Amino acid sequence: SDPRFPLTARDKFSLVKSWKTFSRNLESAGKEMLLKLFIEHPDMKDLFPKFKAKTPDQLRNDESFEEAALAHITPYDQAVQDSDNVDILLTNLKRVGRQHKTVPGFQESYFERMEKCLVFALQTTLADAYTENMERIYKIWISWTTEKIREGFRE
C-alpha cells in the first residue's frame, strides 16, 4: 500500500477484482464510452472530425473509431494495472492530460465529461456486479484519475 493512492487496501482490491471483470471487452467498453459522450454532449463529436455524419452503427466497425475508442479506455485500464506503482501511474495520467493541450476546441473542463461515460460503461457491463460499494469506489478512483490528467494538461 502507498498513501498517495486514494483507496484503502480493501477498496483497492475491490477495484482490481471488479475491473478484471470489466476488462474482458476493453475495446467494446471504449466504443460504449465515446458513443455515450456524443449523446450527453453532441458537440464533443465535432472534436473528432473523422466521425462526421457517421451513425453509431457506421462507427462501431470504423477503423478510426476503433482507434479512438481504444485511446479512451486504455489509460483507465493501464491505471488499474499500475495501482501498486503510483510513480508510474502519475507519469501515465499526466501524459494523457498533456496530450489534449493542442486538440482543437479542447477545454480542461471536458475531462470530467468522460467520467460519466466510463461510469455508464461500468454500470451497463457489470450490471448487478456494479454494487453500491463499487459505485462509491469507482467515484473516488475515477475522480482521482481526472485530477491527475488535469494536472498534466495544466503543465
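Heads up: residue numbers just count along the shown sequence, starting at 1.
Taking only CA atoms, the mean B-factor in the PDB entry is higher for 146-154 than for the other of 146-154 and 2-10.
The PDB entry records a higher mean C-alpha B factor for 127-135 than for its counterpart among 13-21 and 127-135.
In the PDB entry, the Cα temperature factor peaks, among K36, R95, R113, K101, at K101. Of the candidates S64, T91, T55, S28, the deposited coordinates give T55 the top C-alpha B factor.
Sorting the modelled residues of the chain by their CA temperature factor places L70 in the lowest third.
Remark: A121 belongs to the middle third of its chain, ranked by C-alpha B-factor as recorded.
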